[PDB]
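S.K.: I am sharing start20.cif, which consists of mmCIF, C-alpha atoms and all ligand atoms:
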```cif
data_start
#
loop_
_atom_site.label_atom_id
_atom_site.label_comp_id
_atom_site.auth_asym_id
_atom_site.auth_seq_id
_atom_site.Cartn_x
_atom_site.Cartn_y
_atom_site.Cartn_z
CA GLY A 458 19.96 11.66 19.14
CA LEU A 459 18.59 15.27 19.31
CA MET A 460 18.37 15.44 15.43
CA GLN A 461 14.69 15.80 14.39
CA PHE A 462 13.67 15.86 10.76
CA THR A 463 11.40 18.92 10.21
CA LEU A 464 9.31 19.74 7.13
CA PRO A 465 8.26 23.05 5.58
CA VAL A 466 5.10 24.37 7.27
CA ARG A 467 2.65 23.34 4.45
CA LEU A 468 3.94 19.75 4.59
CA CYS A 469 4.21 19.72 8.45
CA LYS A 470 0.39 20.40 8.48
CA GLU A 471 -0.77 18.48 5.38
CA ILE A 472 1.21 15.29 6.18
CA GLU A 473 -1.21 14.62 9.11
CA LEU A 474 -4.23 14.42 6.78
CA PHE A 475 -5.23 11.18 5.03
CA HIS A 476 -5.37 12.89 1.56
CA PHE A 477 -1.74 14.23 1.61
CA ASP A 478 0.14 13.88 -1.73
CA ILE A 479 3.94 13.50 -1.08
CA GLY A 480 4.83 15.74 -4.09
CA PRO A 481 7.07 15.40 -7.18
CA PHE A 482 10.41 16.02 -5.37
CA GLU A 483 11.78 12.42 -5.04
CA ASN A 484 14.69 13.65 -2.85
CA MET A 485 12.22 14.81 -0.13
CA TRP A 486 10.57 11.32 0.12
CA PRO A 487 13.21 9.71 2.44
CA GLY A 488 13.03 12.64 4.86
CA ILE A 489 9.18 12.51 4.81
CA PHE A 490 9.35 8.75 5.77
CA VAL A 491 11.91 9.34 8.55
CA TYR A 492 9.72 12.25 9.78
CA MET A 493 6.76 9.75 9.88
CA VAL A 494 8.81 7.04 11.74
CA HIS A 495 10.03 9.65 14.29
CA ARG A 496 6.43 10.80 15.06
CA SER A 497 4.68 7.33 14.85
CA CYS A 498 7.40 5.38 16.60
CA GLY A 499 9.94 7.71 18.26
CA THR A 500 13.45 9.15 17.52
CA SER A 501 14.89 6.05 19.39
CA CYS A 502 12.97 3.38 17.29
CA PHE A 503 15.84 3.03 14.76
CA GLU A 504 19.51 4.02 14.50
CA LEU A 505 19.34 6.95 11.99
CA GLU A 506 22.59 5.70 10.27
CA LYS A 507 20.91 2.26 9.87
CA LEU A 508 17.42 3.56 8.94
CA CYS A 509 18.85 5.94 6.23
CA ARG A 510 20.94 3.07 4.77
CA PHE A 511 17.86 0.73 4.79
CA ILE A 512 15.62 3.41 3.05
CA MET A 513 18.21 4.05 0.22
CA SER A 514 18.65 0.29 -0.43
CA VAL A 515 14.80 -0.18 -0.43
CA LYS A 516 14.55 2.75 -2.91
CA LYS A 517 17.21 1.19 -5.18
CA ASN A 518 15.20 -2.10 -5.30
CA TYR A 519 12.00 -0.43 -6.71
CA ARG A 520 11.99 -0.26 -10.54
CA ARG A 521 11.18 2.60 -12.91
CA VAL A 522 7.63 1.41 -13.67
CA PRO A 523 4.72 3.80 -14.11
CA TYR A 524 2.80 2.93 -10.86
CA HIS A 525 4.41 0.22 -8.64
CA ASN A 526 7.44 2.47 -7.99
CA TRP A 527 9.23 4.15 -5.05
CA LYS A 528 6.49 6.89 -5.00
CA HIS A 529 3.75 4.23 -4.40
CA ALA A 530 5.87 2.77 -1.57
CA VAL A 531 6.16 6.13 0.26
CA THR A 532 2.54 6.93 -0.49
CA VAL A 533 1.35 3.64 1.01
CA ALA A 534 3.52 4.24 4.16
CA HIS A 535 2.03 7.73 4.54
CA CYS A 536 -1.60 6.36 4.62
CA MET A 537 -0.49 3.85 7.31
CA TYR A 538 1.18 6.70 9.24
CA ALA A 539 -2.15 8.62 9.15
CA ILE A 540 -4.15 5.52 10.31
CA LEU A 541 -1.61 4.92 13.12
CA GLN A 542 -1.61 8.60 14.18
CA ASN A 543 -5.50 8.67 14.29
CA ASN A 544 -5.53 5.40 16.43
CA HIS A 545 -2.72 6.19 18.93
CA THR A 546 -3.61 3.68 21.63
CA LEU A 547 -4.80 0.67 19.53
CA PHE A 548 -1.28 -0.41 18.34
CA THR A 549 1.78 -1.80 20.15
CA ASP A 550 5.30 -0.32 19.69
CA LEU A 551 6.33 -3.43 17.62
CA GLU A 552 3.28 -2.99 15.33
CA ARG A 553 4.00 0.75 14.68
CA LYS A 554 7.65 -0.25 13.85
CA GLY A 555 6.64 -3.19 11.56
CA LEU A 556 3.77 -1.58 9.63
CA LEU A 557 5.60 1.52 8.33
CA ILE A 558 8.48 -0.72 7.25
CA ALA A 559 6.02 -3.26 5.76
CA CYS A 560 4.32 -0.47 3.68
CA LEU A 561 7.67 0.87 2.41
CA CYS A 562 8.76 -2.70 1.40
CA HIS A 563 5.38 -4.10 0.28
CA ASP A 564 6.05 -3.91 -3.55
CA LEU A 565 9.92 -4.31 -3.57
CA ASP A 566 11.21 -5.25 -7.05
CA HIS A 567 7.75 -5.05 -8.68
CA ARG A 568 7.94 -5.38 -12.45
CA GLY A 569 4.46 -3.92 -13.20
CA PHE A 570 2.86 -7.33 -13.90
CA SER A 571 0.11 -9.08 -11.90
CA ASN A 572 0.35 -12.58 -10.36
CA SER A 573 -1.85 -13.88 -13.28
CA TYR A 574 0.65 -12.64 -15.91
CA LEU A 575 3.64 -14.30 -14.08
CA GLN A 576 1.64 -17.64 -14.04
CA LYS A 577 0.67 -17.35 -17.73
CA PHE A 578 4.24 -16.37 -18.73
CA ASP A 579 5.45 -19.37 -16.62
CA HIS A 580 7.92 -17.00 -14.80
CA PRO A 581 10.36 -18.75 -12.39
CA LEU A 582 8.83 -16.79 -9.36
CA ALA A 583 5.45 -18.61 -10.18
CA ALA A 584 7.37 -21.98 -9.73
CA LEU A 585 8.91 -20.86 -6.44
CA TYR A 586 5.63 -19.25 -4.99
CA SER A 587 2.36 -20.88 -6.22
CA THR A 588 0.08 -18.26 -4.56
CA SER A 589 0.60 -14.59 -3.69
CA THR A 590 3.59 -14.86 -6.14
CA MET A 591 4.83 -11.24 -6.13
CA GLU A 592 4.00 -10.67 -2.44
CA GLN A 593 6.10 -13.66 -1.30
CA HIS A 594 8.83 -12.08 -3.52
CA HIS A 595 8.37 -8.65 -1.88
CA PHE A 596 8.79 -10.18 1.59
CA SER A 597 11.90 -12.20 0.31
CA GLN A 598 13.45 -8.90 -0.94
CA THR A 599 12.68 -7.22 2.44
CA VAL A 600 14.52 -10.03 4.45
CA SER A 601 17.52 -9.81 2.02
CA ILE A 602 17.84 -6.01 2.49
CA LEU A 603 17.48 -6.43 6.35
CA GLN A 604 20.49 -8.85 6.19
CA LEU A 605 22.87 -6.54 4.17
CA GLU A 606 25.73 -5.34 6.52
CA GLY A 607 24.69 -2.15 8.38
CA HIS A 608 20.96 -2.42 7.33
CA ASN A 609 19.53 -4.32 10.35
CA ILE A 610 17.20 -1.63 11.72
CA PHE A 611 15.79 -4.16 14.26
CA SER A 612 19.27 -5.23 15.66
CA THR A 613 18.38 -3.83 19.16
CA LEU A 614 15.10 -5.86 19.52
CA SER A 615 15.31 -9.02 21.72
CA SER A 616 15.32 -12.27 19.65
CA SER A 617 11.52 -12.81 20.25
CA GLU A 618 10.58 -9.16 19.46
CA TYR A 619 12.65 -9.59 16.18
CA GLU A 620 10.69 -12.84 15.33
CA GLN A 621 7.40 -10.98 16.08
CA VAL A 622 8.15 -7.88 13.96
CA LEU A 623 9.32 -10.03 10.96
CA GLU A 624 6.04 -11.96 11.43
CA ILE A 625 3.97 -8.68 11.43
CA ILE A 626 5.85 -7.69 8.20
CA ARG A 627 5.38 -11.06 6.44
CA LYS A 628 1.61 -11.10 7.16
CA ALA A 629 1.23 -7.31 6.24
CA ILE A 630 2.96 -7.80 2.85
CA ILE A 631 1.14 -11.12 2.06
CA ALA A 632 -2.15 -9.28 2.86
CA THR A 633 -1.53 -6.77 -0.02
CA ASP A 634 -2.46 -9.63 -2.41
CA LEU A 635 -5.99 -8.32 -3.30
CA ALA A 636 -7.06 -12.01 -4.06
CA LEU A 637 -6.93 -12.53 -0.22
CA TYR A 638 -8.73 -9.22 0.59
CA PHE A 639 -12.25 -10.47 -0.44
CA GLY A 640 -12.33 -13.27 2.15
CA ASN A 641 -10.50 -11.23 4.83
CA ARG A 642 -13.01 -8.35 4.59
CA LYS A 643 -16.07 -10.71 4.64
CA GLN A 644 -14.79 -12.41 7.82
CA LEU A 645 -14.17 -9.01 9.45
CA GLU A 646 -17.73 -7.99 8.30
CA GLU A 647 -19.34 -11.11 10.01
CA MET A 648 -17.09 -10.69 13.14
CA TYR A 649 -18.06 -6.98 13.57
CA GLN A 650 -21.85 -7.70 13.00
CA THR A 651 -22.10 -10.72 15.34
CA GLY A 652 -19.85 -8.76 17.81
CA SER A 653 -17.16 -11.56 17.99
CA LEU A 654 -14.42 -9.05 16.88
CA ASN A 655 -11.73 -9.08 19.63
CA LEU A 656 -8.47 -7.04 19.28
CA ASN A 657 -6.85 -9.14 22.11
CA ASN A 658 -7.16 -12.21 19.79
CA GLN A 659 -3.99 -12.21 17.60
CA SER A 660 -5.79 -13.91 14.59
CA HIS A 661 -8.34 -10.99 14.68
CA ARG A 662 -5.57 -8.32 14.96
CA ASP A 663 -3.89 -10.03 11.97
CA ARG A 664 -7.20 -9.70 9.98
CA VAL A 665 -7.49 -5.99 10.99
CA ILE A 666 -3.83 -5.32 10.00
CA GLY A 667 -4.55 -7.09 6.68
CA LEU A 668 -7.43 -4.65 5.94
CA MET A 669 -5.30 -1.63 6.98
CA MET A 670 -2.72 -2.92 4.39
CA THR A 671 -5.36 -3.15 1.65
CA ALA A 672 -6.64 0.37 2.59
CA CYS A 673 -3.14 1.90 2.50
CA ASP A 674 -2.43 0.00 -0.76
CA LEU A 675 -5.59 1.31 -2.51
CA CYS A 676 -5.20 4.86 -1.03
CA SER A 677 -4.85 6.46 -4.53
CA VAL A 678 -8.70 6.43 -4.53
CA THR A 679 -8.73 8.43 -1.21
CA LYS A 680 -6.83 11.47 -2.60
CA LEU A 681 -8.28 14.76 -3.97
CA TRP A 682 -9.80 14.13 -7.41
CA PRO A 683 -6.98 15.77 -9.40
CA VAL A 684 -4.43 13.32 -7.74
CA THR A 685 -6.69 10.24 -8.12
CA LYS A 686 -7.34 11.05 -11.79
CA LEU A 687 -3.66 11.58 -12.71
CA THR A 688 -2.54 8.46 -10.70
CA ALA A 689 -5.24 6.47 -12.66
CA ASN A 690 -3.21 7.16 -15.90
CA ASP A 691 -0.13 5.52 -14.23
CA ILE A 692 -2.16 2.48 -13.01
CA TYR A 693 -3.54 1.96 -16.53
CA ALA A 694 -0.14 2.43 -18.22
CA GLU A 695 0.90 -0.75 -16.40
CA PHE A 696 -2.42 -2.62 -16.91
CA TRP A 697 -2.27 -1.86 -20.68
CA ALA A 698 1.46 -2.91 -20.89
CA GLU A 699 0.39 -6.28 -19.26
CA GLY A 700 -2.47 -6.48 -21.78
CA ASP A 701 0.03 -6.00 -24.61
CA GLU A 702 2.22 -8.80 -23.11
CA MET A 703 -0.93 -11.06 -22.83
CA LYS A 704 -1.56 -10.49 -26.60
CA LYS A 705 2.08 -11.51 -27.28
CA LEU A 706 1.43 -14.83 -25.46
CA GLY A 707 -1.73 -15.21 -27.65
CA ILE A 708 -4.24 -14.51 -24.82
CA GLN A 709 -6.97 -11.83 -25.10
CA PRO A 710 -6.46 -9.86 -21.87
CA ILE A 711 -9.40 -8.73 -19.71
CA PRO A 712 -10.82 -5.32 -20.78
CA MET A 713 -9.10 -3.53 -17.76
CA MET A 714 -5.75 -4.42 -19.50
CA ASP A 715 -6.81 -3.92 -23.17
CA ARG A 716 -5.79 -0.42 -24.25
CA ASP A 717 -8.25 -0.85 -27.22
CA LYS A 718 -11.03 -0.60 -24.56
CA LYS A 719 -9.83 2.74 -22.91
CA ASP A 720 -13.36 4.23 -23.60
CA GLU A 721 -14.82 1.95 -20.80
CA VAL A 722 -12.32 3.09 -18.08
CA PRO A 723 -15.01 5.18 -16.29
CA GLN A 724 -17.47 2.22 -15.86
CA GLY A 725 -14.40 0.00 -14.98
CA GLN A 726 -13.45 2.48 -12.10
CA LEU A 727 -17.16 2.39 -10.84
CA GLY A 728 -17.01 -1.46 -10.57
CA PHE A 729 -13.74 -1.28 -8.71
CA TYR A 730 -15.03 1.41 -6.32
CA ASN A 731 -18.34 -0.53 -5.78
CA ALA A 732 -16.76 -4.07 -5.55
CA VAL A 733 -13.48 -3.25 -3.74
CA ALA A 734 -12.68 0.31 -2.61
CA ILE A 735 -16.00 1.27 -0.81
CA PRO A 736 -16.43 -2.10 0.97
CA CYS A 737 -12.73 -1.82 2.08
CA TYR A 738 -12.99 1.66 3.60
CA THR A 739 -16.55 0.94 5.01
CA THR A 740 -15.35 -2.06 7.10
CA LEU A 741 -12.15 -0.23 8.04
CA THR A 742 -14.30 2.67 9.36
CA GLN A 743 -16.60 0.30 11.36
CA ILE A 744 -13.47 -1.26 13.04
CA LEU A 745 -11.42 2.02 13.34
CA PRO A 746 -13.79 4.99 13.41
CA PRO A 747 -11.14 7.71 13.05
CA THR A 748 -10.37 6.33 9.46
CA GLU A 749 -13.73 7.74 8.26
CA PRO A 750 -11.99 10.51 6.15
CA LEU A 751 -10.65 7.71 3.79
CA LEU A 752 -14.26 6.47 3.19
CA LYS A 753 -15.48 10.10 2.66
CA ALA A 754 -12.71 10.80 0.03
CA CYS A 755 -13.31 7.38 -1.66
CA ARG A 756 -17.04 8.29 -1.98
CA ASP A 757 -16.19 11.81 -3.32
CA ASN A 758 -14.08 10.06 -6.03
CA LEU A 759 -16.92 7.57 -6.85
CA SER A 760 -19.16 10.63 -7.47
CA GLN A 761 -16.46 12.19 -9.75
CA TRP A 762 -16.34 8.97 -11.91
CA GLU A 763 -20.18 9.08 -11.99
CA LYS A 764 -19.81 12.65 -13.40
CA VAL A 765 -17.21 11.54 -16.02
CA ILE A 766 -19.72 8.87 -17.24
CA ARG A 767 -22.57 11.50 -17.51
CA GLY A 768 -20.27 13.49 -19.92
CA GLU A 769 -19.98 16.47 -17.38
CA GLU A 770 -16.20 15.56 -17.49
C1 LIG A 801 -5.95 -4.15 -8.40
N1 LIG A 801 -6.15 -2.71 -8.29
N2 LIG A 801 -5.41 -1.91 -7.50
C2 LIG A 801 -5.74 -0.64 -7.72
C3 LIG A 801 -6.74 -0.58 -8.69
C4 LIG A 801 -7.33 0.64 -9.24
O1 LIG A 801 -7.80 0.72 -10.39
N3 LIG A 801 -7.27 1.69 -8.45
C5 LIG A 801 -7.81 3.00 -8.82
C6 LIG A 801 -6.84 4.12 -8.95
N4 LIG A 801 -7.17 5.39 -9.01
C7 LIG A 801 -6.05 6.10 -9.19
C8 LIG A 801 -4.99 5.20 -9.20
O2 LIG A 801 -5.47 3.94 -9.07
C9 LIG A 801 -7.03 -1.92 -9.02
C10 LIG A 801 -8.02 -2.45 -9.98
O3 LIG A 801 -8.16 -3.69 -10.03
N5 LIG A 801 -8.77 -1.61 -10.74
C11 LIG A 801 -9.70 -2.08 -11.66
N6 LIG A 801 -9.80 -1.36 -12.73
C12 LIG A 801 -10.62 -1.71 -13.72
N7 LIG A 801 -11.44 -2.84 -13.60
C13 LIG A 801 -12.12 -2.89 -14.82
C14 LIG A 801 -11.67 -1.87 -15.60
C15 LIG A 801 -11.97 -1.56 -17.03
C16 LIG A 801 -11.25 -0.58 -17.68
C17 LIG A 801 -11.44 -0.29 -19.02
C18 LIG A 801 -12.36 -1.01 -19.75
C19 LIG A 801 -13.12 -1.97 -19.09
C20 LIG A 801 -12.90 -2.29 -17.77
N8 LIG A 801 -10.77 -1.14 -14.93
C21 LIG A 801 -11.40 -3.60 -12.47
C22 LIG A 801 -10.52 -3.27 -11.51
MG MG A 802 1.62 -5.39 -4.48
ZN ZN A 803 1.16 -1.75 -3.62
#
```
Translate the structure of the given file into C-alpha cells.
Ligand SMILES: [C]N1[N][C]C(C(=O)[N][C]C2=N[C][C]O2)=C1C(=O)[N]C1=NC2=N([C]C(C3=[C][C]=[C][C]=[C]3)=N2)[C]=[C]1
Ligand SMILES: [Mg+2]
Ligand SMILES: [Zn+2]

M.R.:
Amino acid sequence: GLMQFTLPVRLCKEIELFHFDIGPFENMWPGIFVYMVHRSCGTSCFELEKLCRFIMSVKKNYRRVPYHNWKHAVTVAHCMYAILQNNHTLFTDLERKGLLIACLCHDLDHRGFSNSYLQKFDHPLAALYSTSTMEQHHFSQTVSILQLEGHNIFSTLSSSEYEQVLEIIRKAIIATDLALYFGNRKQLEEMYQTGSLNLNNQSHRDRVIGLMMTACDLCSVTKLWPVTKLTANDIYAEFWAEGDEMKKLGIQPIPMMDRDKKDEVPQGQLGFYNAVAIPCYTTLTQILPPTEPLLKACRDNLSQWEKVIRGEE
C-alpha cells in the first residue's frame, strides 16, 4: 500500500502541465498512467495488482495504427489528469476514477477508419451500432476487459457506485464522437450565456464532461508546435489510408482524406482550428477557467499554421 510510483524529476514537473508530451519510451507509459491515477484519485482507488492487469490488457487491445494507438490513449488520459488536477474541488471521487479510465479506453480496438468509412464499407459494427459506431464499440471493449478474471478495478465499489461509474464511462466515451460535439458545445454556449449552467444538474455535468472528453481527445493541437506538427503526420497517415480505401469502394473521398491534395493541409488545419478546436477550448475555458492554457496553446498553433500558409514555414 506504501508503494508510490515516482518519475524522473523532468517528468515529475512537466507531467503537471497541459502541454506535456509522454515521450517515445512505450514502457514508461503504464507507470505514467498509474502515477496520474495515484495523484488524481489516491493510492487506495484501485488494487495495484488489478489496475496493472487492466492497463496491460487495455494496451493489448489498441492496434498498431499510425494515430489511434496506445500512445493516443495515454496522451488523452494525461490531458484529463491535467484538467482534473487544475479543478480539484469540482469533481467527485467517482468522476475522477471514471474519467481517467474512460480516456485510456476511449479508442479501444480502433482500426484507423472513421464511422463514415465503416457505414460505406457496410462493416458489421455499422449494423450493430447505427450511430457513434466505433464509440459504442470502444465502450463494449471496455466492459469486456472489466469482466476478464482479475481485471475488475471497480470490484470494491458498492453496486450503485459501480452502476454510476460505468455510466460516467459510457457517456464519456460516446461523447468522443465529434459528430455529437457540435450540438453539445452550442448548448453549453447558450447555457453559460443565459446563466442557466448548473453543475448540480446531472444533465449539465454530463454536457461538461462531454466537452472535457472532446478537449482531451483533440489535445494534439494544445502541444508545443514541434509535437503538434509531427502528430499531424500520423493523423493524416490514417486519413489518407481511409481515402485510399474510399477510392477502392469507388467513392472520391473528401480532400482531408485524399493524399493527392496534401498541398492544402495547411488551409485544412485552419478550418479545423476555426470550426472545432478554438470553439472547444473557448467554451471549456468559460466553464473551467483554469483550463485556459489549452486555449492559449491551441491559439499559438493556429498562428503557426497561419505562418506555414504565408510560406515562412
Ligand atoms: C476529427 N479530427 N480529430 C482530430 C483532427 C485533427 O486534424 N487534429 C489536428 C492535429 N494536429 C496534430 C495532430 O492532429 C480532426 C480533423 O477532423 N481534422 C481536419 N483536418 C482537415 N480538414 C480538412 C483538411 C484538408 C486537408 C488537406 C486538403 C484539404 C483539406 N484537413 C478538416 C478536419
Ligand atoms: Mg475515437
Ligand atoms: Zn481518440

S.K.: Pull the neighbourhood of (-21.0, 5.4, -13.8) for me: all residues within 8 Å in file coordinates, counting all atoms listed in the file, as a list in words.

M.R.: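 Every polymer residue passing the test: residues 723, 724, 727, 762, 763, 764, 765, 766 and 767 of chain A.
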
S.K.: To one decimal place in Å, what is the distance between atom CA of residue 458 of chain A and atom CA of residue 479 of chain A?

M.R.: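 A separation of 25.9 Å between them.
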
S.K.: List as a VMD selection string the protein and nucleic acid residues lying within 7 Å of ligand MG 802 (chain A), with only C-alpha atoms and all ligand atoms counted.

M.R.: chain A and resid 563 to 564 591 to 592 633 to 634

S.K.: Report as CSV the residues of chain A within 10 Å of ligand ZN 803 (chain A), each with its shortest atom pair and distance in Å (one decimal), using all atoms listed in the file, ordered by chain and increasing residue number.

M.R.:
```
residue,atom,partner,partner_atom,distance
A:524,CA,A:ZN803,ZN,8.8
A:525,CA,A:ZN803,ZN,6.3
A:526,CA,A:ZN803,ZN,8.7
A:529,CA,A:ZN803,ZN,6.6
A:530,CA,A:ZN803,ZN,6.8
A:532,CA,A:ZN803,ZN,9.3
A:533,CA,A:ZN803,ZN,7.1
A:560,CA,A:ZN803,ZN,8.1
A:561,CA,A:ZN803,ZN,9.3
A:562,CA,A:ZN803,ZN,9.2
A:563,CA,A:ZN803,ZN,6.2
A:564,CA,A:ZN803,ZN,5.3
A:565,CA,A:ZN803,ZN,9.1
A:567,CA,A:ZN803,ZN,8.9
A:592,CA,A:ZN803,ZN,9.4
A:630,CA,A:ZN803,ZN,9.0
A:633,CA,A:ZN803,ZN,6.7
A:634,CA,A:ZN803,ZN,8.8
A:635,CA,A:ZN803,ZN,9.7
A:670,CA,A:ZN803,ZN,9.0
A:671,CA,A:ZN803,ZN,8.5
A:673,CA,A:ZN803,ZN,8.3
A:674,CA,A:ZN803,ZN,4.9
A:675,CA,A:ZN803,ZN,7.5
A:676,CA,A:ZN803,ZN,9.5
```

S.K.: Counting all atoms listed in the file, which residue out of A:646, A:590, A:521, A:516 sits closest to residue 661 of chain A?

M.R.: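 For residue 661 of chain A, the nearest of the candidates is A:646.
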
S.K.: Which residues are near ligand LIG 801 (chain A) in this structure, taking near to mean any atom at most 6 Å from a ligand atom and counting all atoms listed in the file? Format them as JSON, numbers by chain.

M.R.: {"A": [675, 677, 678, 685, 686, 688, 689, 692, 712, 713, 718, 719, 721, 722, 725, 726, 729]}
